[PDB]
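What follows is a single chain, given as structure tokens, in the form deposited in one PDB entry.
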């Protein structure tokens, strides 16, 4: 089971080592509530960790490829939105490296 393996990676992100970057990307972006019209115009497809959790819980992602694709989109959205130069962007890059390393071992 590949799904099982993916669950292990999620636990680590929420565990502690990678929690620093987990809580920031955990919450979504309520453009409607907050007020970010430009966020919906440029991005149009806001994705957050909170939403990803719901998918795994409902088994929306019956595959690893689907999960990886969702993560890549979230990382690319932040980069497009905000240029590299803040702590936020740097936080994503740090996670990207870790994901890559784990993706190598993913394949069964």
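Residue numbers count along the first chain shown, from 1.
Quick note: we don't show the form solved in complex with a small molecule, though the next part is all about it.
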- [ ] Indicate whether the small molecule has at least one heavy atom within 4.5 Å of a heavy atom of residue 88 in the entry with it bound.
- [x] yes
- [ ] Report whether the minimum heavy atom distance between residue 73 and the small molecule in the entry with it bound is within 4.5 Å.
- [x] no
Task: Residue contact check: residue 36 to the small molecule in the entry with it bound, 4.5 Å heavy atom - done: yes
Open item on the list: Taking any heavy atom pair closer than or equal to 4.5 Å as contact, tell me whether residue 82 reaches the small molecule in the entry with it bound.
Closed with: yes
